[PDB]
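Encoded as structure tokens, the structure appears first; notes follow it.
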Amino acid sequence: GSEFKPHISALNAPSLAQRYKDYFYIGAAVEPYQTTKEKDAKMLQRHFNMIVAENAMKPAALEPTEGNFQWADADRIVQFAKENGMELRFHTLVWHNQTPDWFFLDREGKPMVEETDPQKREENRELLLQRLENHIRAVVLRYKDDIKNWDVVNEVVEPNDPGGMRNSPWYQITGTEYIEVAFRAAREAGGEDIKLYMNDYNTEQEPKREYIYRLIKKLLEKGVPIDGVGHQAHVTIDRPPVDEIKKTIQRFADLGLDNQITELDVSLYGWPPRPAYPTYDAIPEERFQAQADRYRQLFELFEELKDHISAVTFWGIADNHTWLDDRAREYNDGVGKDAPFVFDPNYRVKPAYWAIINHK
Amino acid sequence: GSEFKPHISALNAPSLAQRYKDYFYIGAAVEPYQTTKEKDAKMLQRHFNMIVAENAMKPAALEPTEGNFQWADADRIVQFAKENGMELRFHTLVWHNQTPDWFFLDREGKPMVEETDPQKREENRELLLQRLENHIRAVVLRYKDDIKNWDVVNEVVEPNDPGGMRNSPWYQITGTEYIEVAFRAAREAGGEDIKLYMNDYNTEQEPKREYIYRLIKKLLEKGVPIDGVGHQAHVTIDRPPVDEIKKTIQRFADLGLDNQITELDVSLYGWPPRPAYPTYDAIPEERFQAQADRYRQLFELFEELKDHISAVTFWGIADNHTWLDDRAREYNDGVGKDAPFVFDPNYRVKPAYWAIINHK
Amino acid sequence: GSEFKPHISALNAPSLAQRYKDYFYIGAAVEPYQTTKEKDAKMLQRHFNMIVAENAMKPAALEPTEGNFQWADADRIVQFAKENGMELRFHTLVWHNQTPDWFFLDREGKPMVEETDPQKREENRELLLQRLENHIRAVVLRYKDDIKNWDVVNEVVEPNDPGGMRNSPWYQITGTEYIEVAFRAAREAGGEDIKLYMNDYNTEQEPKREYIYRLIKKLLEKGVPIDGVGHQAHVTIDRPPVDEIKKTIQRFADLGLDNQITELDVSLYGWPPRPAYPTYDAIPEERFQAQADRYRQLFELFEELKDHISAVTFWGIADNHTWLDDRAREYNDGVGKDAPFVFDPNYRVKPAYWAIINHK
Ligand code: NA
Ligand code: NA
Ligand code: NA
Ligand code: NA
């Protein structure tokens, strides 16, 4: 144990975004209801100068059937950021998950992935790319003046698949062209001022890192205007090692790319939740102290790499809301709690908060 | 002697604020008449991108009797800053000096500090906190869109007093609650965008440093939204040592606090003015050269700590106006002159100017 | 050979200005036609956040006869920068080249440099300084709200001339007073917010460096409001050595001066073009790899000196347009091609691009 400053309320504790003002933005993923929850709204105004929609801007949320755009939840998050002078990230224009099946049906209502006529396959490819372009055109035309950071594609690399290309219907139907078109359409509709990212997880693992590096070079060679890599950084206390994170950021920086940490959380367990504690009160202090040392190591690394990192965004606000609790229950027969942030479920600061707010 | 660049006019000499553009703001304390004095106004526009009122915004200046707000002098300083794109600091919402006695009278016209009925003392405490809240509400509502930096309380720690709490009437009547309320009211009226400081002098001395650190932690534990510490830095050529200054800034940074240097001057004498020179022309060059080396050491330290220091403000413009001349005369039987700045009384640069403007 | 990343199109390659966002602006010299050439305009929007007129704002371009101001070409460049949020530099208010002869004729139509009556010479000096003041007044009044960076005088030092002062008609008629007046008039018309530079080439050579340093100190002693030195940096692969560049920047920083690199190019040849290659396709890869290592060394030096350098501007966009091709032909009997940029004549990135865009 090394962090023994008091567990004060986070609502008025010194601002995390302030601490990192000349390093990178400090962001949080939010749901629309949190923009009007008193404590969550206060937490955002106190600690965060960047916001991303955890779920409200995924493809199925915004265009659940063709041409039927659903803007209300997304507008709510954008308006909260505008009211409070926060930057925004867009999650996400393209993803194999959270994508409605109408994209991948031919004009006949049948799955394009089953088509065997080569000329018809080329027509389906053209049609799917037009649908993708229209999804992007609508969303970027609406938000381009307010959202500067765009996860144009998400999780398109899978090292277990041939050539490293995740074999989603996107890839089955268009190869890598859906990725090329996604970036071109985003630039066409949004102009030079928006920053376009390829977002993925385990970006430091090999050979996934090579595959992402290879893909970006291939896209660059095709004239694709990519600006950066987003690193989800869903990490644990021990994995991955900090030196591998450092080499990954430097590596993509060598292609001229900006880097953002997009979905940061530090689980208390391994991958998978080998044994979750059942309740929050059951987590011993030693675990939070271990998590504090890990957060310290991460953020001091981010400071060293500050000229290659424009933003660090957490995948949530406080420990009362995190996607890791679904996984904790799942692998522990219905009961389990994770604690991945620097703010606890009662909106108090954790040892990890003091570890990243201090002078180093 | 080490600084032999010419003693050019400061009016058009290279800008001090420019030199520190990516480190911290460079500020000066001013009186309203100096916003319309040709040479002082030019000096501010040339060298400073932050302004503070030396006297015009103290409690007795702004609310000399209850509810009788006097805005003219303060408005003048704020308008000069706005015309010239300068940031502002507010000195100061609460101070045991420069505070009119009406605050501390019960509704009966008698000193609250003399009251012996416990229930009546609690009523006086409530009344004094309401008067404090109204003073802050009026001032912050008026200036919140123009002043980002607020000395919410000033000089509230005194190591000679029990528990380190300066035993002013504020503390005699309310304990530390006046400090809690001062910060809460300032945040309530001004929003999250204004930065709230506790300002004091000798912040590197022990045990004063501990007492300030202890008090801030206690206020943080009560939910108080403090953002930073202001260090007056009324220093001499030899005191305090630079390593103690460094440890102080780092120490408060460890609580997540920003730091500003708020009232910087480097006296030519010890504490007290053991022997002032009678006139400015009597000061030998060796003294200015010693003062230059001291200013060099201070500002190179500030550069090293730049990510913990947002602003460095001098307690005046040029050597023709400084509060240290009152003290120089006082302790030298009516005659005496100090020279605490980098600009001399004829608006020429001093060796100290060249020492902090150069490449290091 | 060390840089083997692909020679992708530069039009959508990761942004150079983005890479240097927290170091200095990245600029390019342009001609008006390039603001409407599809590829040049795209290159500026992709890679550059600062623009300078290669020729359209020289004295003869803007005021070819007395009082006959020609604004169209200059306005075009300023409007392109404004549309795209780019900063601007002004090249240049005073220069011995590109200056129409009407400046230097007495009211009698005869060359002021030939006048032998001392009282008449003082009248011509006064008249030439009034004409200079009016040229500057007109240009600064028109553009002061849009152009922050002003090359007030250009190439006024010549180490082969007595006292180091280039013996142009400006100096023959007014001594150094034309320089004093140029800076004062620019400040008078433009205010404190515009930054005023003395621009020259070979600024690291001795004794030219001493002469510039000496002149600036003399101007500072006369009350002249100079803010910075512009270093043209028309360099080769081997000259000048990087340590001499470093000492030059530090040296002028010691006078409190900002520094900008104003006309950067890295010729493939010596001075003069000892042997140009006849055509672009004749340049071997080894030369581009040598040029890449040189650009790497320069920009890593600029990063180290980032707090003394506000902007780095290239004297052109891509290798299809550069003034060095006139000199390559000249000294090679009509045929010759240089390649001084990081972007090639077909708007593809060069090894030098990868060398300055990477993580270091
Ligand atoms: Na730095
Ligand atoms: Na989720
Ligand atoms: Na005073
Ligand atoms: Na030219």
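Chain identifiers are assigned as A, B, and so on, following the order in which chains appear in the structure tokens; residues are numbered from 1 within each chain, and ligands are numbered from 1 in order of appearance.
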- With a distance threshold of 6 Å and counting only C-alpha atoms, extract the residues of chain B near chain C and express them as a list in words.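 The selection requested is residues 8, 12, 14, 357, 358 and 359 of chain B.
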- Message: What does the list of residues within 8 Å of ligand 2 look like if you count only C-alpha atoms and all ligand atoms, written as a ChimeraX atom specification?
- Response: /A:54-55,322-323
Written selection (N, CA, C and O atoms) as a PDB file, in the first residue's frame:
ATOM      1  N   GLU A  54     -21.107   6.018 -25.162  1.00  0.00           N
ATOM      2  CA  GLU A  54     -20.789   4.606 -24.975  1.00  0.00           C
ATOM      3  C   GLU A  54     -21.543   3.735 -25.965  1.00  0.00           C
ATOM      4  O   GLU A  54     -20.999   2.743 -26.464  1.00  0.00           O
ATOM      5  N   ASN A  55     -22.795   4.091 -26.260  1.00  0.00           N
ATOM      6  CA  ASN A  55     -23.660   3.264 -27.103  1.00  0.00           C
ATOM      7  C   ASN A  55     -24.517   4.046 -28.091  1.00  0.00           C
ATOM      8  O   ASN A  55     -24.882   3.483 -29.129  1.00  0.00           O
ATOM      9  N   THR A 322     -20.199   0.230 -15.323  1.00  0.00           N
ATOM     10  CA  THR A 322     -19.123  -0.208 -16.202  1.00  0.00           C
ATOM     11  C   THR A 322     -19.524  -1.507 -16.884  1.00  0.00           C
ATOM     12  O   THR A 322     -20.120  -2.389 -16.259  1.00  0.00           O
ATOM     13  N   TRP A 323     -19.184  -1.615 -18.168  1.00  0.00           N
ATOM     14  CA  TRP A 323     -19.459  -2.837 -18.918  1.00  0.00           C
ATOM     15  C   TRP A 323     -18.741  -4.052 -18.346  1.00  0.00           C
ATOM     16  O   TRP A 323     -19.152  -5.186 -18.616  1.00  0.00           O
TER      17      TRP A 323
END
Superimposed copy of chain C on chain B by least squares over C-alpha atoms, as a short mmCIF file (atom, residue, chain, number, x, y, z; two decimals) with C-alpha atoms, in the first residue's frame:
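Result written to out02.cif:
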data_model
loop_
_atom_site.label_atom_id
_atom_site.label_comp_id
_atom_site.auth_asym_id
_atom_site.auth_seq_id
_atom_site.Cartn_x
_atom_site.Cartn_y
_atom_site.Cartn_z
CA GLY C 1 28.65 40.59 -12.29
CA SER C 2 27.30 38.44 -15.13
CA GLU C 3 24.54 40.36 -17.02
CA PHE C 4 25.96 43.12 -19.22
CA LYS C 5 23.36 43.56 -21.95
CA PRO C 6 22.34 47.22 -22.31
CA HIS C 7 19.79 48.94 -20.09
CA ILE C 8 17.40 49.64 -22.94
CA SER C 9 13.95 51.13 -22.58
CA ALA C 10 11.51 48.45 -21.45
CA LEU C 11 8.61 50.04 -23.36
CA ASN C 12 9.61 48.26 -26.58
CA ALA C 13 12.00 45.59 -25.24
CA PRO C 14 11.14 41.99 -26.21
CA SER C 15 8.00 40.83 -24.43
CA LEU C 16 8.34 38.98 -21.13
CA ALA C 17 4.92 37.37 -21.59
CA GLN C 18 5.98 36.27 -25.07
CA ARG C 19 9.07 34.59 -23.62
CA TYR C 20 6.91 32.52 -21.24
CA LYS C 21 4.04 31.86 -23.67
CA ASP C 22 4.18 28.07 -23.38
CA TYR C 23 5.07 28.01 -19.66
CA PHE C 24 2.71 30.29 -17.70
CA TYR C 25 1.00 33.64 -17.83
CA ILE C 26 3.07 36.66 -16.80
CA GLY C 27 1.07 39.09 -14.69
CA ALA C 28 1.36 42.39 -12.85
CA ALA C 29 -0.55 43.97 -9.97
CA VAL C 30 -1.94 47.37 -10.92
CA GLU C 31 -3.78 50.38 -9.54
CA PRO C 32 -6.59 51.95 -11.60
CA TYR C 33 -4.58 55.10 -12.40
CA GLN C 34 -1.92 52.95 -14.07
CA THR C 35 -4.39 51.80 -16.72
CA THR C 36 -4.33 55.38 -18.06
CA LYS C 37 -0.71 56.33 -17.32
CA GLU C 38 1.00 56.30 -20.70
CA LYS C 39 4.12 54.41 -19.65
CA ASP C 40 2.41 51.95 -17.30
CA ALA C 41 -0.30 51.17 -19.86
CA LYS C 42 2.34 50.61 -22.54
CA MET C 43 4.33 48.38 -20.16
CA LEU C 44 1.28 46.20 -19.54
CA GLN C 45 0.49 45.87 -23.25
CA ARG C 46 4.13 45.08 -24.05
CA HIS C 47 5.10 42.62 -21.31
CA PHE C 48 2.08 41.23 -19.45
CA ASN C 49 -0.83 39.00 -20.44
CA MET C 50 -2.39 38.88 -16.96
CA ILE C 51 -3.52 41.64 -14.59
CA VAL C 52 -4.52 41.72 -10.90
CA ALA C 53 -5.81 44.65 -8.82
CA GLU C 54 -3.22 45.48 -6.16
CA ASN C 55 -5.90 47.09 -3.96
CA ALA C 56 -9.14 47.85 -5.87
CA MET C 57 -10.81 44.47 -5.28
CA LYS C 58 -10.05 43.88 -1.59
CA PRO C 59 -13.16 43.45 0.59
CA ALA C 60 -13.12 46.97 2.05
CA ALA C 61 -12.63 48.50 -1.41
CA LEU C 62 -15.65 46.71 -2.94
CA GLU C 63 -18.16 46.64 -0.04
CA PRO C 64 -17.11 49.25 2.54
CA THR C 65 -20.53 49.19 4.24
CA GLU C 66 -23.06 46.38 4.01
CA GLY C 67 -24.62 46.15 0.55
CA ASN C 68 -22.89 49.31 -0.69
CA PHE C 69 -20.86 47.93 -3.58
CA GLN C 70 -18.23 50.19 -5.14
CA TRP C 71 -17.44 48.97 -8.66
CA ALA C 72 -15.80 51.91 -10.45
CA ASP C 73 -12.11 51.25 -9.76
CA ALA C 74 -12.49 47.50 -10.19
CA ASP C 75 -14.44 47.91 -13.45
CA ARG C 76 -11.64 50.13 -14.78
CA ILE C 77 -9.02 47.40 -14.29
CA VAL C 78 -11.28 44.70 -15.76
CA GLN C 79 -12.03 46.84 -18.82
CA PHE C 80 -8.33 47.52 -19.45
CA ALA C 81 -7.62 43.78 -19.35
CA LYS C 82 -10.53 43.03 -21.69
CA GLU C 83 -9.43 45.70 -24.19
CA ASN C 84 -5.96 44.16 -24.34
CA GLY C 85 -6.86 40.44 -24.16
CA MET C 86 -5.30 39.95 -20.72
CA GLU C 87 -6.34 37.34 -18.19
CA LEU C 88 -7.32 38.48 -14.71
CA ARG C 89 -6.87 37.37 -11.11
CA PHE C 90 -9.18 38.46 -8.30
CA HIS C 91 -7.50 39.68 -5.11
CA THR C 92 -9.30 38.77 -2.91
CA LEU C 93 -12.68 37.58 -1.65
CA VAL C 94 -11.69 37.02 2.04
CA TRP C 95 -8.82 38.49 4.07
CA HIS C 96 -8.35 39.36 7.73
CA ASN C 97 -6.82 42.67 6.62
CA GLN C 98 -8.64 45.20 4.46
CA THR C 99 -12.01 43.94 5.70
CA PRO C 100 -14.63 46.38 7.02
CA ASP C 101 -15.79 45.85 10.55
CA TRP C 102 -19.53 45.66 9.69
CA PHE C 103 -19.03 41.97 8.86
CA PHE C 104 -18.27 41.18 12.49
CA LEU C 105 -21.03 43.13 14.31
CA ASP C 106 -24.12 41.33 15.57
CA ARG C 107 -27.55 42.72 14.66
CA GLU C 108 -27.24 44.67 17.89
CA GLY C 109 -24.09 46.55 16.71
CA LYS C 110 -21.82 44.73 19.15
CA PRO C 111 -18.70 42.66 18.30
CA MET C 112 -19.63 39.05 17.63
CA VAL C 113 -16.27 38.00 19.08
CA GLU C 114 -17.46 39.09 22.55
CA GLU C 115 -20.70 37.06 22.56
CA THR C 116 -20.85 34.42 25.33
CA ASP C 117 -24.23 32.77 24.77
CA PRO C 118 -23.56 29.56 22.78
CA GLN C 119 -26.87 29.62 20.88
CA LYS C 120 -26.33 33.29 20.06
CA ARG C 121 -22.79 32.49 18.86
CA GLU C 122 -24.27 29.95 16.43
CA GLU C 123 -26.65 32.63 15.16
CA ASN C 124 -23.77 35.08 14.65
CA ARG C 125 -21.85 32.38 12.81
CA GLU C 126 -24.83 31.84 10.49
CA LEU C 127 -25.21 35.60 9.96
CA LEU C 128 -21.53 36.17 9.21
CA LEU C 129 -21.55 33.32 6.71
CA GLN C 130 -24.62 34.82 4.98
CA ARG C 131 -22.88 38.21 4.73
CA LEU C 132 -19.79 36.50 3.29
CA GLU C 133 -21.95 34.61 0.79
CA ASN C 134 -23.60 37.82 -0.34
CA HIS C 135 -20.26 39.63 -0.76
CA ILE C 136 -19.02 36.75 -2.92
CA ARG C 137 -22.29 36.39 -4.85
CA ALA C 138 -22.28 40.03 -5.88
CA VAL C 139 -18.63 40.10 -6.94
CA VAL C 140 -18.56 36.75 -8.74
CA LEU C 141 -21.88 37.36 -10.53
CA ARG C 142 -20.45 40.64 -11.83
CA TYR C 143 -17.02 39.40 -13.00
CA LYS C 144 -17.34 35.63 -13.56
CA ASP C 145 -17.28 35.92 -17.36
CA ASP C 146 -14.06 37.98 -17.28
CA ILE C 147 -11.95 36.78 -14.32
CA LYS C 148 -10.78 33.17 -14.42
CA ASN C 149 -8.49 33.16 -11.36
CA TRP C 150 -9.87 33.84 -7.87
CA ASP C 151 -7.97 34.28 -4.61
CA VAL C 152 -10.97 33.05 -2.65
CA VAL C 153 -9.22 33.33 0.73
CA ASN C 154 -5.97 35.06 1.60
CA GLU C 155 -3.50 34.52 4.46
CA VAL C 156 -5.75 32.27 6.55
CA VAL C 157 -2.85 30.24 8.03
CA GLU C 158 -0.68 31.53 10.90
CA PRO C 159 1.74 28.99 12.41
CA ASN C 160 1.99 30.98 15.68
CA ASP C 161 -1.72 30.44 16.39
CA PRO C 162 -3.36 27.30 17.82
CA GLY C 163 -3.76 24.62 15.17
CA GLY C 164 -2.16 26.94 12.61
CA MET C 165 -5.47 28.75 11.95
CA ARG C 166 -5.05 32.52 11.85
CA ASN C 167 -7.20 33.69 14.75
CA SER C 168 -8.89 36.52 12.87
CA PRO C 169 -12.54 37.33 13.67
CA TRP C 170 -13.42 35.08 10.74
CA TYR C 171 -11.93 32.12 12.61
CA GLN C 172 -13.05 33.33 16.06
CA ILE C 173 -16.69 33.39 14.92
CA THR C 174 -16.94 30.53 12.40
CA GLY C 175 -13.93 28.23 12.82
CA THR C 176 -12.89 27.10 9.35
CA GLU C 177 -16.48 27.32 8.08
CA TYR C 178 -15.89 30.78 6.56
CA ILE C 179 -13.26 29.15 4.35
CA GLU C 180 -15.57 26.30 3.37
CA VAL C 181 -18.39 28.72 2.59
CA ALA C 182 -16.12 31.12 0.67
CA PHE C 183 -15.09 28.39 -1.77
CA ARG C 184 -18.59 26.90 -2.11
CA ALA C 185 -20.19 30.29 -2.74
CA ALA C 186 -17.56 31.18 -5.33
CA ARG C 187 -18.19 27.92 -7.21
CA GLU C 188 -21.98 28.27 -6.89
CA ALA C 189 -22.01 31.75 -8.40
CA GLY C 190 -19.19 31.34 -10.89
CA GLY C 191 -19.49 27.79 -12.22
CA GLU C 192 -16.85 25.16 -12.96
CA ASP C 193 -14.87 27.35 -15.34
CA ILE C 194 -13.39 29.71 -12.72
CA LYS C 195 -10.30 28.54 -10.82
CA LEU C 196 -10.35 28.97 -7.03
CA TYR C 197 -7.13 29.54 -5.05
CA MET C 198 -6.03 29.75 -1.43
CA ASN C 199 -3.35 32.44 -1.39
CA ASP C 200 -0.66 32.87 1.26
CA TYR C 201 2.95 33.92 1.88
CA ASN C 202 5.93 31.97 3.28
CA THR C 203 4.27 28.89 1.82
CA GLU C 204 7.59 27.01 1.85
CA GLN C 205 8.29 27.57 5.55
CA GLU C 206 7.63 24.86 8.10
CA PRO C 207 5.39 24.35 9.84
CA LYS C 208 3.28 26.80 7.78
CA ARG C 209 3.52 24.52 4.73
CA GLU C 210 2.20 21.58 6.77
CA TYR C 211 -0.62 23.69 8.13
CA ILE C 212 -1.71 24.81 4.66
CA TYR C 213 -1.44 21.23 3.41
CA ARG C 214 -3.41 20.00 6.43
CA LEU C 215 -6.09 22.66 6.01
CA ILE C 216 -6.59 21.97 2.32
CA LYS C 217 -6.96 18.25 2.99
CA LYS C 218 -9.54 19.05 5.68
CA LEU C 219 -11.41 21.33 3.28
CA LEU C 220 -11.22 18.69 0.55
CA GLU C 221 -12.65 16.16 3.02
CA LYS C 222 -15.59 18.51 3.66
CA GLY C 223 -16.38 18.67 -0.06
CA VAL C 224 -14.80 22.08 -0.73
CA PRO C 225 -13.98 22.70 -4.46
CA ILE C 226 -10.48 24.19 -4.23
CA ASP C 227 -8.43 24.22 -7.44
CA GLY C 228 -5.07 25.68 -6.46
CA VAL C 229 -2.62 27.40 -4.13
CA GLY C 230 -1.33 30.92 -4.67
CA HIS C 231 2.21 31.57 -3.44
CA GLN C 232 2.78 35.27 -2.81
CA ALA C 233 6.59 34.83 -3.12
CA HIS C 234 7.62 38.02 -1.38
CA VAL C 235 11.24 36.84 -1.34
CA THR C 236 14.78 38.19 -0.88
CA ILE C 237 18.01 37.45 -2.73
CA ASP C 238 18.88 34.67 -0.26
CA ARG C 239 15.59 33.55 1.28
CA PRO C 240 13.99 31.12 0.70
CA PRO C 241 16.30 28.52 -0.88
CA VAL C 242 15.21 27.30 -4.29
CA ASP C 243 15.01 23.64 -3.26
CA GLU C 244 12.42 24.53 -0.60
CA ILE C 245 10.36 26.41 -3.21
CA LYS C 246 10.55 23.35 -5.48
CA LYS C 247 9.40 20.99 -2.72
CA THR C 248 6.47 23.29 -1.87
CA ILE C 249 5.14 23.42 -5.46
CA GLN C 250 5.53 19.66 -5.82
CA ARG C 251 3.89 19.08 -2.50
CA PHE C 252 0.68 20.92 -3.28
CA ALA C 253 0.72 19.48 -6.80
CA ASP C 254 0.49 16.10 -5.06
CA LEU C 255 -2.98 17.07 -3.87
CA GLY C 256 -3.92 17.73 -7.50
CA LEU C 257 -3.69 21.50 -6.98
CA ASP C 258 -2.61 24.05 -9.52
CA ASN C 259 -0.07 26.61 -8.33
CA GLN C 260 0.25 30.30 -9.17
CA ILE C 261 2.97 32.70 -8.07
CA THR C 262 0.80 35.63 -7.18
CA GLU C 263 2.75 38.57 -5.70
CA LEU C 264 6.37 38.07 -6.77
CA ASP C 265 9.03 40.56 -5.78
CA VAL C 266 12.73 40.12 -5.00
CA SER C 267 13.75 42.65 -2.38
CA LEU C 268 17.33 43.88 -2.36
CA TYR C 269 17.44 43.57 1.46
CA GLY C 270 16.77 40.99 4.16
CA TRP C 271 13.63 40.65 6.24
CA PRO C 272 13.15 43.36 7.63
CA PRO C 273 14.96 45.91 5.40
CA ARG C 274 18.08 45.66 7.56
CA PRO C 275 19.57 48.68 5.76
CA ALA C 276 17.81 50.25 2.80
CA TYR C 277 19.79 52.45 0.47
CA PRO C 278 18.36 55.98 0.77
CA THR C 279 17.87 56.67 -2.94
CA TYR C 280 17.72 54.59 -6.10
CA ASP C 281 20.99 56.03 -7.41
CA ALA C 282 22.76 54.86 -4.24
CA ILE C 283 22.19 51.16 -5.01
CA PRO C 284 25.46 49.69 -6.35
CA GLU C 285 25.52 47.60 -9.51
CA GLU C 286 26.66 44.53 -7.57
CA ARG C 287 23.23 44.42 -5.89
CA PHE C 288 21.33 44.39 -9.19
CA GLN C 289 23.71 41.68 -10.40
CA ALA C 290 22.97 39.63 -7.29
CA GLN C 291 19.25 40.21 -7.86
CA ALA C 292 19.66 39.10 -11.48
CA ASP C 293 21.21 35.77 -10.43
CA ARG C 294 18.35 35.25 -7.97
CA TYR C 295 15.68 36.00 -10.58
CA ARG C 296 17.47 33.65 -12.98
CA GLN C 297 17.37 30.86 -10.39
CA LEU C 298 13.69 31.45 -9.66
CA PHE C 299 12.52 31.52 -13.25
CA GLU C 300 14.58 28.53 -14.34
CA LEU C 301 12.94 26.68 -11.43
CA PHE C 302 9.51 27.85 -12.62
CA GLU C 303 10.29 26.51 -16.10
CA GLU C 304 11.20 23.11 -14.65
CA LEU C 305 7.91 23.11 -12.73
CA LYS C 306 5.93 24.62 -15.63
CA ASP C 307 3.34 21.86 -15.66
CA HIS C 308 2.44 22.71 -12.04
CA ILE C 309 2.48 26.52 -12.45
CA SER C 310 -0.17 28.28 -14.57
CA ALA C 311 0.81 31.89 -13.88
CA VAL C 312 3.57 34.03 -12.39
CA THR C 313 2.44 37.51 -11.34
CA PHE C 314 4.64 40.34 -10.05
CA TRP C 315 3.36 42.62 -7.32
CA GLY C 316 3.79 45.68 -9.52
CA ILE C 317 5.05 46.92 -12.86
CA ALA C 318 8.29 48.88 -12.42
CA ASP C 319 10.54 50.01 -9.56
CA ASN C 320 8.86 53.42 -9.38
CA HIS C 321 5.86 51.82 -7.60
CA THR C 322 6.20 49.05 -5.02
CA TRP C 323 4.80 48.38 -1.56
CA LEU C 324 8.33 47.49 -0.43
CA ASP C 325 9.19 51.21 -0.38
CA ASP C 326 6.80 51.77 2.53
CA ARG C 327 8.70 49.10 4.45
CA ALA C 328 12.10 50.46 3.36
CA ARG C 329 11.28 53.92 4.74
CA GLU C 330 9.62 52.50 7.86
CA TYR C 331 12.70 50.62 9.07
CA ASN C 332 15.15 53.33 7.94
CA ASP C 333 13.63 56.40 9.64
CA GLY C 334 11.66 57.75 6.69
CA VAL C 335 14.17 57.40 3.82
CA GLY C 336 14.73 54.27 1.75
CA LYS C 337 14.23 52.66 -1.67
CA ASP C 338 13.85 49.06 -2.80
CA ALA C 339 14.16 47.76 -6.37
CA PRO C 340 12.26 44.47 -6.57
CA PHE C 341 11.31 44.11 -10.26
CA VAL C 342 13.06 43.50 -13.59
CA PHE C 343 12.14 47.01 -14.80
CA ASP C 344 13.67 50.10 -13.20
CA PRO C 345 11.94 53.34 -12.05
CA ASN C 346 12.62 55.04 -15.40
CA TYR C 347 11.08 52.11 -17.34
CA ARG C 348 14.45 50.67 -18.38
CA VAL C 349 15.30 46.98 -18.22
CA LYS C 350 17.52 45.76 -15.37
CA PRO C 351 20.12 42.96 -15.34
CA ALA C 352 17.35 40.79 -13.91
CA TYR C 353 15.32 41.31 -17.10
CA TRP C 354 18.09 39.91 -19.28
CA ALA C 355 18.54 37.04 -16.82
CA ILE C 356 14.95 35.74 -17.20
CA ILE C 357 14.41 36.63 -20.88
CA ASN C 358 17.34 34.59 -22.29
CA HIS C 359 17.39 31.11 -23.85
CA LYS C 360 17.57 28.92 -20.73
#
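The set of residues in stretch 121-209 of chain A assigned to strand (DSSP E or B) by DSSP, using only backbone atoms of this structure, is residues 149, 150, 151, 152, 153, 154, 157, 165, 195, 196, 197, 198, 199 and 200 of chain A.
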Just N, CA and C atoms for this one: save the residues we selected as a compact mmCIF listing (two decimals), in the first residue's frame.
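Result went into selection21.txt, see below:
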# COMPACT_ATOMS: atom_id res chain seq x y z
N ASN A 149 -13.29 14.26 -33.36
CA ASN A 149 -12.58 12.99 -33.29
C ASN A 149 -13.53 11.87 -33.69
N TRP A 150 -13.18 11.11 -34.73
CA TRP A 150 -14.08 10.13 -35.32
C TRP A 150 -13.43 8.75 -35.34
N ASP A 151 -14.02 7.80 -34.62
CA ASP A 151 -13.68 6.39 -34.81
C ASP A 151 -14.38 5.95 -36.09
N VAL A 152 -13.66 6.07 -37.21
CA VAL A 152 -14.27 5.77 -38.51
C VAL A 152 -14.55 4.28 -38.64
N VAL A 153 -13.58 3.43 -38.27
CA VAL A 153 -13.81 2.00 -38.23
C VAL A 153 -13.33 1.48 -36.88
N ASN A 154 -13.89 0.34 -36.48
CA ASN A 154 -13.69 -0.18 -35.13
C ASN A 154 -13.49 -1.68 -35.24
N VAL A 157 -9.45 -5.58 -37.33
CA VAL A 157 -8.34 -6.54 -37.41
C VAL A 157 -8.60 -7.68 -36.44
N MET A 165 -7.42 -9.86 -41.41
CA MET A 165 -8.63 -9.06 -41.65
C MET A 165 -9.83 -9.74 -41.01
N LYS A 195 -10.67 14.72 -37.30
CA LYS A 195 -9.58 13.76 -37.19
C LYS A 195 -10.15 12.35 -37.22
N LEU A 196 -9.62 11.52 -38.11
CA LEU A 196 -10.19 10.21 -38.42
C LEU A 196 -9.31 9.10 -37.84
N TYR A 197 -9.90 8.23 -37.01
CA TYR A 197 -9.16 7.18 -36.32
C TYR A 197 -9.65 5.79 -36.72
N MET A 198 -8.70 4.84 -36.74
CA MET A 198 -8.99 3.40 -36.68
C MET A 198 -8.82 2.95 -35.24
N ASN A 199 -9.88 2.40 -34.67
CA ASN A 199 -9.93 2.06 -33.26
C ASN A 199 -9.89 0.55 -33.11
N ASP A 200 -9.11 0.06 -32.15
CA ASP A 200 -9.09 -1.38 -31.90
C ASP A 200 -8.58 -1.63 -30.48
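Taking only stretch 4-59 of chain A, the residues that DSSP calls alpha helix (DSSP H) from the backbone come to residues 16, 17, 18, 19, 38, 39, 40, 41, 42, 43, 44, 45, 46, 47 and 59 of chain A.
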